[PDB]
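Quick note, the sequences are listed as chains H, b, V, N and W, same order.
The entry's author numbering puts the first sequence at residues 2 to 77, 79 to 165.
The entry's author numbering puts the second sequence at residues 2 to 83.
The entry's author numbering puts the third sequence at residues 1 to 87.
The entry's author numbering puts the fourth sequence at residues 2 to 151.
The entry's author numbering puts the fifth sequence at residues 2 to 27, 29 to 130.
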Amino acid sequence: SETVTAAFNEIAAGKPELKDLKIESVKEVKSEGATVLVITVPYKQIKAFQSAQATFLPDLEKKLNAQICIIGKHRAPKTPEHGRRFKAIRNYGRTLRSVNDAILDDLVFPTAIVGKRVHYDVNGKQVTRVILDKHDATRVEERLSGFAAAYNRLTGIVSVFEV
Amino acid sequence: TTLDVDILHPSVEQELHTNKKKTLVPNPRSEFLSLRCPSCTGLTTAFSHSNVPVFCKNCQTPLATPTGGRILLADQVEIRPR
Amino acid sequence: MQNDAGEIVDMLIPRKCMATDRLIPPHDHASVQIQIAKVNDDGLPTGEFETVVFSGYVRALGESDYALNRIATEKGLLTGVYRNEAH
Amino acid sequence: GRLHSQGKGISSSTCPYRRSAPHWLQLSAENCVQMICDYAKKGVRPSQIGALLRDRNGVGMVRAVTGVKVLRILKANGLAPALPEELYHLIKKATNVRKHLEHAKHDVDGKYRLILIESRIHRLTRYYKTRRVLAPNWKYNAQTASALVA
Amino acid sequence: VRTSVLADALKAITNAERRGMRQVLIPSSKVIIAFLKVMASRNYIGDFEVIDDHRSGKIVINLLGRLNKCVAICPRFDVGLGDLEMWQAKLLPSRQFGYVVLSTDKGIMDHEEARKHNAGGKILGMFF
RNA sequence: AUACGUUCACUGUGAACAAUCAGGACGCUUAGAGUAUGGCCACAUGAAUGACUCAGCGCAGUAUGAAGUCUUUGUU
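Pasting the structure below:
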């Protein structure tokens, strides 16, 4: 894109903390109400972004007319597929399950999660059902659809988000 | 009512009444209390159950003292929720 | 049960309990078949009944009381009664 | 308490559901690594170290600060105990109860409970010799008990 | 000690169905979730919720009330297609209903699936 | 840097390995058996297949169940 990359470098002027931060990539989504932007960060840089963060995110969200959900590059295969490098034994962090669950605790950062579950249907198909802490939002109440779109892009999963 | 009990979404009563571990999400009943002796104005964190008797920086006497369960609040002392 | 060229076979079909959903055999004489009069708003009978069934298992335990609360409120013959409150 | 015993216990801590947090408090990843190493210099066992941080510095889970368990932090800096902590306490118990059975030898309840500690140790020492913490050649005797605890 | 889960959990579901409950509470796993899924395709069961606790897990079943026994036999005997139609005759009551959940190479599926795919494997139990 | 990046167990498939048992063909007058026998112009055949069977051998599939994984710091 370089909508967010141009937007970040101008607001990064004058700040010691945001001085060395970088963005790899971004994926826009269809959110019914507005759109949402999902901004990937090089892993070691997550807690550098995420230490303060809430200074600049209102300024970035207001300018682009969209919500911003910051995410780590969490990547993870047991069987070689080619075009990828795979550890034989592998590691828990490396595996997909850790990746998909680490992704949530980025996406909805500031509230954190009380409950999580699945609902398996009579047909067979499955619906994840995350529950946000009932204390942080307040704010979380406003952006629920945005996450359901955004999380369905990254992991492929039909979720909902509730109190 | 042996046959019908709704167990996905129980009452607020029934979560408190059941055991620490037995709940649908298991998580504890114990939190870090803020404390203050009316002598000082320094606001001291503590773990409610403890093991160790709690002091502030300044005085000398323990702020809270250990039993089996919750801390036994010696003297007039108070709790600010934060 | 079906003959599969076509048709239906067997004589009689045991009625099924509304609470438990098991079969009501020939000889369980503790089985029950209610009639409850559905009524027009303002309490006028419409000459049209709902027939609630229980097996002899469910009555034997005690619980056939509590099913009548659940089943009637589902069909729309009560308000309150089912669901809360003690205290 | 089910192992060498009649009784079915169920009583322990339950970790909070969310490992991360809390933002409300205030602690640091680098500062907590110093404080763990602070106490370990003065000769404390990792079972007690986490408890001191809980009751002084309002640290709930120490993992939930650092991303790291307490024993890994000591072995990273390179300054843990040589014996495991559970093993240390049993041989320190068993040397003390054997000191008692010298003095008055009639309490067969002392003898019965000398076994069931001496038995517990031989189970653990097998487990630790598989993980390669203790070398095959390491042993526990009466004569070597006081050399290991000291 | 918990020797087996899939063995244990299907006992608890059966004790609900005899009694005639509406829902049951099972530590969860990835074979138990698949065993419940395969009998959900044949409509013996309702529809269930595999909940998180950063732990083993739990399941909450929703019972439809149409089910007589879940066995889970062990030890897990190997079975191969030509050998299989003995294990129908022993394990099931009838010929004309009730299925034999076995973990084929492709996945865990009824006998009726497994003979279609032409893949046997180790057997888990049954239901009827 | 168009094939190589764990092996097994287990499953499918393929190789390998007489009579009897099961089973196909054929009216020995029938049957138990036997390998025949049927077409008037010199012809047509059949003597199958499966099981016997655990181990050992190959390719393919990875759901279940194993091993693989020297760390007060390991691999090139």
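Where is the CB? At the ideal position from N, CA and C, for every residue including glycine.
In chain W, which residues lie with their C-beta within 7 angstroms of the C-beta of residue i?
i: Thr20 (chain V); result: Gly21 and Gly67
What residue from the options has the CA that sits closest to residue i's CA?
i: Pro79 (chain H); options: H:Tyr94, H:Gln54 and H:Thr4; result: H:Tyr94
i: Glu29 (chain H); options: H:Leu65, H:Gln46 and H:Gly73; result: H:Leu65
i: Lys32 (chain W); options: W:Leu7, W:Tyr101 and W:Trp89; result: W:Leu7
i: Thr2 (chain b); options: V:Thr73, V:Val81 and V:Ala67; result: V:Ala67
i: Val132 (chain H); options: H:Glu164, H:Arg155, H:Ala13 and H:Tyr122; result: H:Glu164
i: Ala8 (chain H); options: H:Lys118, H:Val42, H:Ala53 and H:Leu58; result: H:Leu58
i: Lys39 (chain W); options: H:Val124, H:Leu156, H:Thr157 and H:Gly158; result: H:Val124
i: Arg81 (chain b); options: b:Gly43, b:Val26 and b:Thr62; result: b:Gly43
i: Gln98 (chain W); options: W:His113, W:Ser58 and W:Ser105; result: W:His113
i: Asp138 (chain H); options: H:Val116, H:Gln54 and H:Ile72; result: H:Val116
i: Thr4 (chain W); options: W:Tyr46, W:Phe130, W:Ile75 and W:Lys71; result: W:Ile75
i: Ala19 (chain V); options: b:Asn52, b:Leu4 and b:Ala47; result: b:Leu4
i: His24 (chain N); options: N:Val60, N:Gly2 and N:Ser6; result: N:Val60
i: residue 202 (chain N); options: N:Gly111, N:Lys93 and N:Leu4; result: The requested residue 202 (chain N) is not part of the displayed model; chain N covers only 2 to 151.
i: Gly79 (chain N); options: N:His123, N:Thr126 and N:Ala41; result: N:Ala41
i: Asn64 (chain W); options: W:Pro77, W:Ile47 and W:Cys72; result: W:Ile47
i: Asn142 (chain N); options: N:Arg127, N:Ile92 and N:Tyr129; result: N:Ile92
i: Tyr128 (chain N); options: N:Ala77, N:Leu54, N:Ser48 and N:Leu88; result: N:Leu88
i: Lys60 (chain W); options: H:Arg119, H:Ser161, H:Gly158 and H:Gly126; result: H:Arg119
i: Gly70 (chain b); options: b:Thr19, b:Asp7, b:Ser31 and b:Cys60; result: b:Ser31
i: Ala77 (chain H); options: H:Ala35, H:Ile69 and H:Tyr44; result: H:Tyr44
i: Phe37 (chain W); options: H:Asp135, H:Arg141, H:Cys70 and H:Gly126; result: H:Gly126
i: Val66 (chain N); options: N:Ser48, N:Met36 and N:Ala77; result: N:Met36
i: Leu75 (chain N); options: N:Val45, N:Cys38 and N:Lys140; result: N:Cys38
At a CB-CB cut-off below 9 angstroms, which residues of chain b make contact with residue i?
i: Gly59 (chain N); result: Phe33, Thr46, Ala47 and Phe48
i: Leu61 (chain V); result: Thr3 and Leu4
Which residues in chain H sit within 8 angstroms of residue i, going by Cβ to Cβ distance?
i: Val52 (chain W); result: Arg119, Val120 and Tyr122
i: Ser43 (chain W); result: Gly126
Taking Cβ-Cβ distances shorter than 7 angstroms, what residues in chain H pair up with residue i?
i: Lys39 (chain W); result: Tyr122 and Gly126
i: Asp49 (chain W); result: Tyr122, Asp123 and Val124
Along chain W, in chain order, which residues have C-beta atoms closer than 8 angstroms to that of residue i?
i: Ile8 (chain b); result: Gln24, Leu26 and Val62
Determine the chain b residues that contact residue i at a beta-carbon separation under 7 angstroms, and present them in chain order.
i: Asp55 (chain W); result: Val26 and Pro27
Taking residue i as the query, report the chain N residues whose CB atoms sit under 8 angstroms from its CB, ordered along the chain.
i: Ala114 (chain H); result: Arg19, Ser21 and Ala22
In chain N, what lies closer than 9 angstroms to residue i by C-beta?
i: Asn59 (chain b); result: Near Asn59 (chain b) there are no residues of chain N at all, since even the closest Cβ is about 15 angstroms away, more than 9 angstroms.
For residue i, return the contacting residues in chain N, with the cut-off set at a CB-CB distance below 7 angstroms.
i: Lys22 (chain b); result: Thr15
i: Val53 (chain b); result: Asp56
Exercise for the section: Would you be able to state if there are at least three C-beta pairs under 8 angstroms between the stretch 69-80 of chain N and the stretch 99-110 of chain N? Expected result: Taking a contact to require three or more Cβ pairs closer than 8 angstroms, the stretch 99-110 of chain N and the stretch 69-80 of chain N do not qualify as touching.
Practice task
Any chance you could list the beta strand (DSSP E) runs of at least 3 consecutive residues sitting entirely within the stretch 27-76 of chain V, in chain order?
Solution key: Taking only runs of at least 3 residues, the beta strand (DSSP E) segments lying wholly in the stretch 27-76 of chain V are 36-40 and 44-50.
Exercise for the section: With a floor of 4 residues, list each alpha helix (DSSP H) that falls wholly inside the stretch 3-71 of chain N, ordered by position along the chain. Expected result: Here the runs fully enclosed are 30-42, 47-56 and 64-67.
Exercise for the section: Evaluate the contact criterion for the stretch 115-127 of chain W versus the stretch 79-95 of chain W: three or more CB pairs, one atom per stretch, below 8 angstroms. Expected result: Touching, yes, given that three or more Cβ pairs across the two stretches are closer than 8 angstroms.
Handout entry: Contacting positions in the stretch 12-27 of chain N - beta carbon closer than 8 angstroms to chain H
Key = Against chain H - using a Cβ distance shorter than 8 angstroms - the residues of the stretch 12-27 of chain N are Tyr18, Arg19, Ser21, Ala22 and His24.
Problem - Segment contact, 8 angstroms Cβ cut-off, at least three pairs: the stretch 139-153 of chain H with the stretch 106-117 of chain H - result: The stretch 139-153 of chain H makes contact with the stretch 106-117 of chain H: 3 or more CB pairs, one atom from each, lie closer than 8 angstroms.
Handout entry: Stretch pair the stretch 129-149 of chain H + the stretch 51-71 of chain b: three plus CB contacts closer than 8 angstroms
Key = Taking a cut-off of 8 angstroms on C-beta distances, the stretch 129-149 of chain H does not touch the stretch 51-71 of chain b, as fewer than three cross pairs fall below it.
Problem - Segment contact flag, the stretch 24-40 of chain V with the stretch 49-65 of chain V, C-beta cutoff 8 angstroms, min 3 pairs - result: In short, these stretches touch, since the Cβ pair count reaches three.
Problem - Cβ contact (3+ pairs, closer than 8 angstroms) linking the stretch 29-46 of chain b and the stretch 64-78 of chain b - result: Counting Cβ pairs under 8 angstroms, three or more are found: they touch.
Practice task
Using a Cβ-Cβ cut-off of less than 7 angstroms, list which residues of the stretch 26-60 of chain N approach chain b; keep chain order.
Solution key: Hits within the stretch, in order: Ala52, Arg55, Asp56 and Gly59.
Practice task
Would you check if there are 3 or more beta carbon pairs closer than 8 angstroms linking the stretch 119-135 of chain N to the stretch 80-88 of chain N?
Solution key: Two segments are said to touch when three or more pairs of C-beta atoms, one from each, lie closer than 8 angstroms; by this definition the stretch 119-135 of chain N touches the stretch 80-88 of chain N.
Exercise for the section: Write down every uninterrupted run of the alpha helix (DSSP H) in the stretch 94-140 of chain H whose length is 4 residues or greater and which is fully enclosed by it, in chain order. Expected result: Secondary structure remark: continuous alpha helix (DSSP H) runs of at least 4 residues inside the stretch 94-140 of chain H, in chain order: 98-109.
Problem - Sufficient close CB pairs (3 or more, under 8 angstroms) joining the stretch 109-126 of chain N to the stretch 6-26 of chain W - result: By the Cβ rule, the stretch 109-126 of chain N does not count as touching the stretch 6-26 of chain W, because fewer than three pairs are nearer than 8 angstroms.
Exercise for the section: Report the residues of the stretch 39-69 of chain V with a CB closer than 9 angstroms to any CB of chain b, ordered along the chain. Expected result: When C-beta distances to chain b are compared with 9 angstroms, the residues of the stretch 39-69 of chain V below that value are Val58, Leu61, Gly62, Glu63, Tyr66 and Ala67, in chain order.
Practice task
Taking only beta carbons into account, state which residues of the stretch 95-113 of chain H come closer than 8 angstroms to chain N, listed in chain order.
Solution key: Along the stretch 95-113 of chain H, going in chain order, the ones with a CB nearer than 8 angstroms to a CB of chain N are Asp107 and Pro112.
Exercise for the section: Tell me, please, whether the stretch 14-32 of chain N touches the stretch 74-86 of chain V by the rule of three or more beta-carbon pairs shorter than 8 angstroms. Expected result: Output reads no: the stretch 74-86 of chain V does not touch the stretch 14-32 of chain N.
Exercise for the section: Specify whether the stretch 86-101 of chain H and the stretch 10-20 of chain b touch according to this definition: at least 3 beta carbon pairs, one from each stretch, less than 8 angstroms apart. Expected result: Taking 8 angstroms as the limit for Cβ pairs, the verdict is that the stretch 10-20 of chain b does not touch the stretch 86-101 of chain H.
Exercise for the section: State whether the stretch 24-34 of chain b contacts the stretch 51-61 of chain W, with contact taken as three or more CB pairs (one from each stretch) at a distance under 8 angstroms. Expected result: Yes, they touch.
Exercise for the section: Mind listing, in chain order, the continuous alpha helix (DSSP H) runs of no fewer than 4 residues lying wholly within the stretch 42-119 of chain W? Expected result: Taking only runs of at least 4 residues, the alpha helix (DSSP H) segments lying wholly in the stretch 42-119 of chain W are 86-93 and 113-119.
Handout entry: Inside the stretch 29-54 of chain b only - beta strand (DSSP E) runs reaching at least 3 residues
Key = Counting only runs of 3 or more residues that sit fully inside the stretch 29-54 of chain b, the beta strand (DSSP E) segments are 33-36 and 45-48, in chain order.
Exercise for the section: Decide yes or no for the touch test of the stretch 32-50 of chain H against the stretch 68-77 of chain H: beta carbon pairs closer than 8 angstroms, at least 3 of them. Expected result: As far as the Cβ criterion goes, the stretch 32-50 of chain H touches the stretch 68-77 of chain H, which means the pair count is three or higher.
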